[PDB]
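The structure appears below as structure tokens.
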Amino acid sequence: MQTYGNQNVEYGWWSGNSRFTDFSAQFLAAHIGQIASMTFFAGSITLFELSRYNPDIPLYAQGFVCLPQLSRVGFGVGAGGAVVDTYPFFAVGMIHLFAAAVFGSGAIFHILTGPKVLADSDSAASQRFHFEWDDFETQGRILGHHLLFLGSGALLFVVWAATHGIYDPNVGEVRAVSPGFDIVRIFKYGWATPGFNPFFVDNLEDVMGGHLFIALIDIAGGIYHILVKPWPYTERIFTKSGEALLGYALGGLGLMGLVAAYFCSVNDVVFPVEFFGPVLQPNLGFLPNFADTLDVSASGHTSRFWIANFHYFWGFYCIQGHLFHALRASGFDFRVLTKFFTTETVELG
Amino acid sequence: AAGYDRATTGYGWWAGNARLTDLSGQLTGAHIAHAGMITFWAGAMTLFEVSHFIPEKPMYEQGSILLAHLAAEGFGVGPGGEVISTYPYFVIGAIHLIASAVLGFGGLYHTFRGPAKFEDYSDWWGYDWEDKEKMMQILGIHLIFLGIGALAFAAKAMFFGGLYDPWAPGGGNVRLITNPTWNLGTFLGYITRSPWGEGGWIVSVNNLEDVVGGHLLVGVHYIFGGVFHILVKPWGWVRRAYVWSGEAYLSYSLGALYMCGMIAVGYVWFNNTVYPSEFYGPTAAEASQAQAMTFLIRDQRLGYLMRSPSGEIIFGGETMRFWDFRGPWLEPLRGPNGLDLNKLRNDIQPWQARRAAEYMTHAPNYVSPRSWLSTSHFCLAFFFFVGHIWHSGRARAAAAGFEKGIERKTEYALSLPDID
Amino acid sequence: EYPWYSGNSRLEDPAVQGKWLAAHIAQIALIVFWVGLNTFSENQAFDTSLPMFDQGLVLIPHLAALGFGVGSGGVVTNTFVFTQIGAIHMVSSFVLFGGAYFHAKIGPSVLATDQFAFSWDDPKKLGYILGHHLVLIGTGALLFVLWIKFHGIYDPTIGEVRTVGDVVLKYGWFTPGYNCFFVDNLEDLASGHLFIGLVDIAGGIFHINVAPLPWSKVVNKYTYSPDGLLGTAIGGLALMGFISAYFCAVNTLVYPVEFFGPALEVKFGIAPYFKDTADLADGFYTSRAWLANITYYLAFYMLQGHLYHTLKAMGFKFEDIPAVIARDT
Amino acid sequence: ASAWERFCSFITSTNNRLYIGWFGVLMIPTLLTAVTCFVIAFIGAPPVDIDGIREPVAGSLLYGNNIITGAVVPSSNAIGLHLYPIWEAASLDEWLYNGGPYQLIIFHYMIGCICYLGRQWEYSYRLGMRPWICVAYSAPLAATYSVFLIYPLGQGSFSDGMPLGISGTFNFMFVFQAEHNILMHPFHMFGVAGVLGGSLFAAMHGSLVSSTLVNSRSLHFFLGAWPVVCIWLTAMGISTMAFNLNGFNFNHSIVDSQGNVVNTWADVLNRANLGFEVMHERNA
Ligand code: CL7
Ligand SMILES: CC1=C(/C=C/C(C)=C/C=C/C(C)=C/C=C/C=C(C)/C=C/C=C(C)/C=C/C2=C[C@H](C)[C@H](O)CC2(C)C)C(C)(C)C[C@@H](O)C1
Ligand SMILES: CC1=C(/C=C/C(C)=C/C=C/C(C)=C/C=C/C=C(C)/C=C/C=C(C)/C=C/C2=C[C@H](C)[C@H](O)CC2(C)C)C(C)(C)C[C@@H](O)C1
Ligand SMILES: CC1=C(/C=C/C(C)=C/C=C/C(C)=C/C=C/C=C(C)/C=C/C=C(C)/C=C/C2=C[C@H](C)[C@H](O)CC2(C)C)C(C)(C)C[C@@H](O)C1
Ligand SMILES: [Fe+2]
């Protein structure tokens, strides 16, 4: 944590989650529980949406976030975005619920298994997992393994799109997609030269090639981080503390949330119109909005509207939380703000 | 005997029960005996009204109120508010009388035979008023029992016979509710409805689905709240914002009961759904509108409406004060903007035309069950408000210490700076 | 020491072991007792003319599926078989009550033959007990298989009872010609039941024969205990209940539409449930709906109880919970 | 000395000229609103369609009336029990025409009265005395709530409420007598006994004390209790009559042996009620 100066700080229950920042086993338990919550949301919401699905109503008119996402990636969608068979959605949600139960069981296991600290546990092999908030070598290996998992996921997406096929609004029906590979076109999407704009990708072939590239990059980076200790300059720049790593991750997540929010409202290929609804338009009054570009009269809002706005707010407040945690981890205590209207300088490290 | 005199307690005979404040066992006996009294009255009155029941006359003409409560729940009734057999009423009355016998036995046993102060016998049953945790837990247990009761009523309405729904087609009919309402928006719209004529606070419920869903919701909440009370302590601010003594708890209960009594009066006087007009007779609004419609029927047979302040079609005369009244026999002759004249020209089915006159005669010589219940419980509610004030003031003063008079030599008013 | 409301926790003591055994015997008697009693009342209230999925008959349809008074389908011709089965179960109940009372107060207070006597931390003892129970379970499965071979159960596609290939290794993969929850072949049911009986008997032989191994003693961190064993059993029960509820909701070959009513639709509000998809009268539900929903929610609360007992089995005490909420006021 | 604490010590302080207290926090705005609107609507206010028949009835000073005949007319018959806030009105002139000021006044006034009772209790507490002045004050409170709130509720509209005026009160009394025969209701007889006996006991007590001053505690207890109990009873009587549970009726009681009917005083009283009623009830 931070504990400006004085150690052994006392936290109220409102900020009570900072108590286990030093208990590696409990840290593991909390995060396994959180991942359980995420996958439980996926499965349970899939079923909750299936319960009230109307084939007559267009998919985006009714309030869904999961049926469009499943129908996009194959999974029982006919020609012209028609939900022919509604059983694969049930299967997907059920697998998600089973996974959630597994994760939650692991969470309780670790919360009650042994000592709070993973150094003391006499497993003699769980001690291989005890980490520190100062050592960058172990955290580099951890980063490498997690990048390996992400790259393996991108690879799985590439394979599933190659074999099972995937929906293509330009084609108009589920279709296998050849994995492209053109580093030149990847970099041209990087520059956003006039032909290629990253948020206006038109061919699923380009998307598939980019995903292949991402998988390769993530796997290579994972290997590299597992093998190689961080360089000294990365110790010079970054502080070594838990809240600092939370700040870095929060900044990254806020950026990714904003990117995904903009992606939803604009791209029509990777977010097909028949499932999510017509494209939005970005407005800026006091705060950014996404206008539905459609008469909300007797149609509510398209699912794309909800996804885009929710993730704009998620990204913005992840940025604000990143600022808060980076300010703390660098050394700034906000209590000094109370000295604003006095003659004492409102400033410290 | 000792402690049963004025000298040893300080209370005159006319305040004798006050002596029971700190005698746990006898106080419990008194409560149990009083509960026995209540259920004995219920059973005895049920048996009386059954013994004097007459199948041809309506309940409200016949003059029965405990029977109408059972009739609403559908015990031995049929479509159109017709009894089939008065046996289940006898069953209920007999069960209540037996329960009263058992409760009276328990009350006598704790009053005289059993321990006088449970604190001596045990500690779960030994309680002192100023133990905040113990009182919290007891309140929680009884809350759980209430929640079970509410869920029981919902379960009866959904699986066991149901309730007499007077919005079933062709007059009322006993129904089993299958689609309870559970949308929270509906619940908030009910709570935050204006208590004034601008709707009705909770008295304005008109379908039985909402009733059953509401009882489901409240039973769940009561069970949860009871568990919460058992499992937690009173917060610091809670400990500092109340008075902790027996009389204070009594005063709180009195206030709650006064509020409930007023609301019950409102229900029995303005509601025709959970108090079917087939049994309790027509409400005042229903009676006035039935009179207006019957006169209109006669005048249309031999060869009067108007515009609402909002411009709809309503009846004319005094009855305009009931322009928004909704009824089962009148609802089919509705329209987007008030009851259409064309509809009244040829849409009056025979049973509605019979109900109109049958209600016109029995306008609340003849006193409706609604009149009895409303008057009795308004008077009871007012007196319970008075009792709430009396006991709350006494509790506050006694906790402060100046209950038995002002102190001659340390009088507080004598120390304040004169305002002039 | 335990209070009266938690009185059965007293049986946890190895000081009074045999009495503990008595309780279990009694339970089974009660169970089989109900199997009689319920049926009798059902046989009283069962009209033959009406469809069998309207009135509160749960066991009668189960017997109807197992032949027992069905001809060309939708045929009830003898209610005496149901009464016979109920009477058999209820009479067995008296024997089981007798054994329960023999161990409760006549038999030894503690088993400490001694071959039956065991301890909560004797993995060989539990291994052989487990083997024997598995052998009996597989024996019952094979008995059902024999019943299929000889008597034969009702089939809807054939419209009548009939008697009777291991592609089970593909059903387990849920390949699109599979998802066993949609079985529609009597031969599939019979073959799978043969397989499960064989595997159960093999496992029972193995467990009697071989003691628990260290590799699997690693993972069983705390189950060698009363609370742990109870928790694992409860979790298994909940799993089975979920599977049975889904089978009842979806499958029609085993549960014919004649006696159970049409299939159920899985719906979800705040919590899951199963809707009729049948135009039954308002306030009435098919027997299939009752079975699926009650089974499922019993299994759900079995899962909750499994969590409770498992947590108590590991290092956790629930009575500490208010105290925690006391400190962080 | 937190700002909130300073505020609380200000309000719940026994050094103001008039005690405010938490109940007085509600009492003061509501009472001021009621008084202001009453004064304004009693001096000048348009005629009000009391009968809900597009025909108005005037009650203000600037429209011709004097103190004896002026009044604040009850809200219109068409409104019923509907609250009629200004912002819920079509037009200000219309809102006056339907009798909104009456609703405003009576609602603020009733809330202020109940808060005044609370304030009485609160100051009795703050001074250290037994807190039962409020119990005694609860009787006239019940009476006002009867005439202004409960009776219209039973009758379905505020048009049946009591007018706020000297002659309006008498008109209310006569219509009430016509429709419910209150005189022959025992609770009103208890109320009459209460007021007359209260005056009797007041005169006796005052004469005795002022003559000799040149259990005795139970004397003052009885003084306090008697009229209060009787006023509770008569307020309850009015409330019951608000639910059509009318008083005694002895019309057509004695009959001649052959079959004729011999009049008694009750028949004369009924005929007087008949006159009052037929003059009421504009149409039928
Ligand atoms: C009327 C206001 C009122 C209410 C509604 C009320 N109390 Mg009291 N009340 C108590 C309980 C109570 C409970 C449990 C309770 C709610 O159920 C109430 N109260 C309610 C006891 C703790 C405590 C002791 C009570 C005690 O010991 O004895 C009670 C005394 C008597 C004479 C009861 C006889 C009743 C009267 C003859 C009324 C007649 C009504 C009529 C029959 C109805 C039918 C019609 C008929 C004509 C056919 C108490 C008191 C007391 C008083 C007073 C003045 C009150 N109260 C007043 C109220 C004590 O001095 C006194 C007190 O506290 O002194 C310290
Ligand atoms: C600079 C610096 C710092 C900052 C360091 C930071 C935060 C640097 C920021 C780095 C960022 C923002 C990196 C972002 C990289 C983005 C990448 C690598 C994008 C990859 C996207 C791909 C591969 C898209 C792929 C496809 C996917 C999609 C289908 C498209 O249709 C087409 C297609 C196929 C191209 C500090 C502050 C930490 C320390 C300082 O002292 C130094
Ligand atoms: C590994 C691990 C553990 C978990 C261990 C567990 C709980 C593992 C879970 C094991 C399970 C759930 C096993 C389930 C096995 C299910 C089987 C074998 C099903 C058999 C079904 C058959 C054969 C059905 C047969 C038919 C029957 C039916 C008639 C059909 O019409 C036809 C047909 C053929 C499909 C712990 C608890 C030890 C510790 C954890 O931390 C990690
Ligand atoms: C025993 C014990 C305790 C614990 C006690 C507990 C917590 C007991 C728990 C009890 C529970 C929660 C039991 C749950 C029972 C579940 C039931 C009865 C299921 C009902 C489902 C029904 C009735 C069907 C509902 C439908 C009916 C119809 C078909 C609809 O279309 C759909 C559908 C399926 C929902 C304490 C706490 C008291 C003390 C401890 O020391 C020991
Ligand atoms: Fe005096």
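These protein sequence lines are chains 2, C, 1 and A, in that order. Heads up: the first sequence at position 207 corresponds to 207 in PDB author numbering, and the numbers run straight through without jumps. Counted the way PDB author numbering counts, the second sequence spans residues 35 to 337, 352 to 412, 430 to 485. Counted the way PDB author numbering counts, the third sequence spans residues 10 to 121, 128 to 179, 187 to 351. Counted the way PDB author numbering counts, the fourth sequence spans residues 11 to 224, 267 to 336. We put the CB at the ideal spot given by N, CA and C, even for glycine.
CB contact below 8 Å: residue i versus chain C
i              : result
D350 (chain 1) : no
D304 (chain 1) : yes
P294 (chain 1) : no
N322 (chain A) : no
Backbone CA spacing between residue i and residue j [nearest angstrom]
i                     : j              : result
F91 (chain 1)         : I97 (chain 1)  : 10 Å
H96 (chain 2)         : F194 (chain C) : 39 Å
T21 (chain 2)         : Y317 (chain 2) : 22 Å
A321 (chain C)        : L101 (chain C) : 22 Å
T475 (chain C)        : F467 (chain C) : 11 Å
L275 (chain A)        : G470 (chain C) : 19 Å
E341 (chain 1)        : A67 (chain C)  : 36 Å
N217 (chain C)        : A191 (chain C) : 19 Å
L336 (chain C)        : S119 (chain C) : 41 Å
residue 401 (chain 2) : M94 (chain 2)  : Here chain 2 has residues from 1 to 349 only, and residue 401 (chain 2) is not among them.
For residue i: DSSP bridge partner residues
i                     : result
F290 (chain 1)        : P294 (chain 1)
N207 (chain C)        : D199 (chain C)
residue 429 (chain C) : There are no coordinates for residue 429 (chain C) in this structure, because the numbering of chain C runs from 412 directly to 430.
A35 (chain C)         : None, per the DSSP bridge assignment.
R177 (chain 1)        : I168 (chain 1)
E116 (chain C)        : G112 (chain C)
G78 (chain 2)         : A82 (chain 2)
Environment of residue i [buried if 16+ CB atoms lie within 10 Å]
i                   : result
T86 (chain 2)       : exposed
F182 (chain A)      : buried
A154 (chain 2)      : buried
residue 1 (chain 1) : With chain 1 covering 10 to 351 only, the question about residue 1 (chain 1) has no answer from this structure.
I343 (chain 1)      : exposed
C294 (chain C)      : exposed
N51 (chain C)       : exposed
Proximity test, Cβ basis, 8 Å: residue i and chain 2
i                     : result
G337 (chain 1)        : yes
residue 384 (chain 1) : Residue 384 (chain 1) is absent from the model: chain 1 starts at 10 and stops at 351.
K334 (chain 1)        : no
Short CB-CB distance (under 8 Å) between residue i and chain A
i              : result
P92 (chain C)  : no
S228 (chain C) : yes
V239 (chain C) : no
C-beta neighbour in chain 1 for residue i, strict 8 Å
i              : result
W160 (chain 2) : no
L250 (chain C) : no
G253 (chain C) : no
For the region 283 to 341 of chain 2, list the alpha helix (DSSP H) runs that are entirely contained and at least 4 residues long, ordered along the chain. 303 to 330
Can you list, in chain order, the stretches of the alpha helix (DSSP H) that have 4 or more residues and sit fully within the region 120 to 149 of chain C? 121 to 142
At 4 residues or longer, what runs of the alpha helix (DSSP H) sit wholly inside the region 57 to 93 of chain A? Counting only runs of 4 or more, we get nothing.
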